[PDB]
């Protein structure tokens, strides 16, 4: 039935974290297990496996820093991480690895039961509110707000206090080398209206108690 992960969070470079994978309806001590990780927007990467007799194996990018283990009394698998690097930021899945005795015909060698995943962010960034910049602007004009350098996600953007939603495209954020996020919102409005109607974007970043209004003018 189920593998329920926990323990993920935010940690600074060189910090430590212990992930847990609590099993239900399968016995961890009777199974090959693995940890597989997925950086945001990237592919799956195998990280670690435990087999019989306590034998354990690891990806090169992880040797000496991570340790897989289990507690039979809790029916739980663990991943203990140390010396965390920014490139260790990922969703971490635990999975069951079937083997020869799964059907006693073939070798198995695949991950059939997967945890939900738990997010691990390795960053030295601090909670920080965004700087908001207007992006001033045929039949239609595009105008915008740049919501720059905030941490962490998310941020709320609205236009004219929520009354302007038609033609609004708010874009998912990007992450910079600095560790901070930026995103933008644009509204397409009739360009005949640019002299008569006003346009204000409203930015709310709750982690930093930051609320900003910015008038967007030609």
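Numbering follows the first chain given and starts at 1.
The entry shows a gap from residue 137 to residue 138, with 4 to 9 unmodelled residues of the deposited sequence in between. The PDB entry records a higher mean C-alpha B factor for 99-107 than for its counterpart among 125-133 and 99-107. Of the two segments examined, 74-82 and 89-97, it is 74-82 that shows the higher average Cα temperature factor in the deposited entry. Within the listed group 184, 176, 161, 38, the record reports its top CA B-factor for 176.
In the PDB entry, residue 12 places in the highest third of its chain by CA B-factor. Sorting the modelled residues of the chain by their CA temperature factor places residue 198 in the highest third. Sorting the modelled residues of the chain by their CA temperature factor places residue 18 in the highest third. When all modelled residues of the chain are sorted by CA temperature factor, residue 152 is found within the lowest third.
Split the chain's modelled residues into thirds by C-alpha temperature factor. Residue 119 is in the middle one.
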